[PDB]
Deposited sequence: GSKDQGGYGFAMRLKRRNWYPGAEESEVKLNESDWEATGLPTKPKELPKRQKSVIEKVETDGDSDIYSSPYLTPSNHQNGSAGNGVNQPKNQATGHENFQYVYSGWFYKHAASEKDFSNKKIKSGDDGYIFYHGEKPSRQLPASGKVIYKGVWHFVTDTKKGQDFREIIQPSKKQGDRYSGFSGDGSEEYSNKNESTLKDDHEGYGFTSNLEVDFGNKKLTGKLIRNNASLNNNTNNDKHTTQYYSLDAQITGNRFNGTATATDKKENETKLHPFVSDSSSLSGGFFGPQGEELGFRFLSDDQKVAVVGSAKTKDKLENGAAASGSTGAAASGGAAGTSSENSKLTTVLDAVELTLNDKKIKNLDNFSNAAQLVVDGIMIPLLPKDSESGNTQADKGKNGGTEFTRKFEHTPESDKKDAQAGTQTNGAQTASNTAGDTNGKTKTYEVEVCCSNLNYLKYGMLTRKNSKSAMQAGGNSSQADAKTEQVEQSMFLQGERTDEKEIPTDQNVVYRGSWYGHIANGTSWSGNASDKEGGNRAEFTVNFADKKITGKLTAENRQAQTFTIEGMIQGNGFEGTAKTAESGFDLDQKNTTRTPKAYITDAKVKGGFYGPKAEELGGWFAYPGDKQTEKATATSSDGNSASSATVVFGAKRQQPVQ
């Protein structure tokens, strides 16, 4: 339910005389995934490609937010929050062109007016966050409204094009006259230029609040107004992992007053995530509950010139070259993100599960354990269209605060592994009987973890793990005992001192998982991912 980004397309109402659509509202169905940007400052490919193909009468240009990389079109419009202007990971904004009317008279349809999208997208969703503290994020926001016959928002967009009636009102409209976007200087209480966002993220309490405002213009008549900013919303959200969820509250309501602007309803759909190495940037959307308004935004910590905590683990281990890659993940252990697409790890509609996912180039073949693990998933991932081999593990780490102190805690589980010297043994996660078996004892007080992985004929077929715990995760080594695995008188395989890394997952460390590849050093080789659940005493 997380993602790299989302966009919402402007609506064009059908005015065909006598066939006229009274209104077109917005839905949650209308969000489109942007997919991972190659360059965040550029427009999202899929949607740009849509607007490119849109017909125009003589203005063929795609107009966009001023800080976006244009294609194509001192002075000139600014949208930024002062002191947080410089975005690396995340961008929000809009792009449109002035489209020709679309006429099908066989169906009695004409849609007129601009065509485009509001969107946000980011790269490198954060796997780490500040472990506490309150932090200011400032940024920008943008909106797109529904269309209703007779509707206008006079306080935001001057309705010479019938904005809000024939096509969506949106923050990009050329007719939107009351922001300070075009001025050369800021008043002291201005937060910046145009529509700017302000958030306070409390990483200690896992909570965020904020306000979305417009910065108003000041010249001559109207300088009587004393208020250089106007606040349309406040925000509240619960942070979990790198994602947050919450509500938006419409700030300006005198009601019973009918309104000269779109922001009226509150929202229960506020959603977003942190991007960058520390989660120093974020982007978000919400859709008002009356479906009259949709918003996207981005915000970032103060531009340049607390200890961190690890929120998740996501790893791919390539079977051939014996390499470990980090996978992006949205702090959903059930969403596998590879090659910029999201594989559902759970069914739509048993212990270990195999399926094929063909996105809409490649086809992915996925075996995933386990049915009893909610915060962690691990298994085999294979790529085809001829075939590439991998195993994966991902889990949502337990809060560093929620970690158990119990001195004896037993975890039981399974593993996938592939191991060779001269010949290959491979075996898969099973919930009995002579199948792959994983055993762990954890002394949390002592910060020590030991375990053994036993294979089919056991053991015999075995692995020994000792590690130290820090915070929400552990490191250690794995050894084959002596001498060799048996790789099945028989050939064996020799691994001493494989580096093991892992974490604790879900509330109160209900689950644990980990992995190692080998060699990483200067013989034999192995790759293993394992995961286990916390037993009762």
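Unmodelled regions (deposited sequence positions with no C-alpha coordinates, counted from 1) are 1-4, 78-85, 318-342, 387-402, 414-441, 467-485, 589-593, 628-641, 657-658.
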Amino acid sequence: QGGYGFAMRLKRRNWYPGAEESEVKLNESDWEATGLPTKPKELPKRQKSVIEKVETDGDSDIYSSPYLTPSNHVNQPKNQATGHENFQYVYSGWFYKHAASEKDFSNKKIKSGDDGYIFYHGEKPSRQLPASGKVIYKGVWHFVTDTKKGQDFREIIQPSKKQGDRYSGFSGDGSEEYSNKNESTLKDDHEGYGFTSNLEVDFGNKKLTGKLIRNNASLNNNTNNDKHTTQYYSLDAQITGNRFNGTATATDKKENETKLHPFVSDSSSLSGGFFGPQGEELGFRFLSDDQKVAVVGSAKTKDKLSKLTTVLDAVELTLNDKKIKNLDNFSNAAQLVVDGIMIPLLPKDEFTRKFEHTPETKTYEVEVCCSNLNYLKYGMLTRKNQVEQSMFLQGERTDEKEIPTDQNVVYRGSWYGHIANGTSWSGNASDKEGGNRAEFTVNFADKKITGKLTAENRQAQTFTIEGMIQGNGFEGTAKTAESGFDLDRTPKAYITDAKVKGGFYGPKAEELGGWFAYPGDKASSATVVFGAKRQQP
From here on, numbers count along this sequence of modelled residues.
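As recorded in the PDB entry, 100-108 is the stretch of 370-378 and 100-108 with the greater mean C-alpha temperature factor.
Annotation for 456-464 versus 181-189: the higher mean temperature factor (C-alpha) is found in 456-464. Residues shown: 51, 512, 68, 481. Highest C-alpha temperature factor in the entry: 481.
Within the selection 508, 45, 41, 492, the deposited Cα B-factor values reach their highest point at 492. Residue 12 sits in the middle third of its chain by CA B factor, as recorded in the PDB entry. For residue 31, the recorded CA B-factor ranks within the middle third of the chain. Only modelled residues enter the ranking. The deposited CA B-factor of residue 305 belongs to the highest third of values across its chain. In the PDB entry, a CA B factor belonging to the middle third of its chain's modelled residues is recorded for residue 291. Sorting the modelled residues of the chain by their CA temperature factor places residue 84 in the lowest third.
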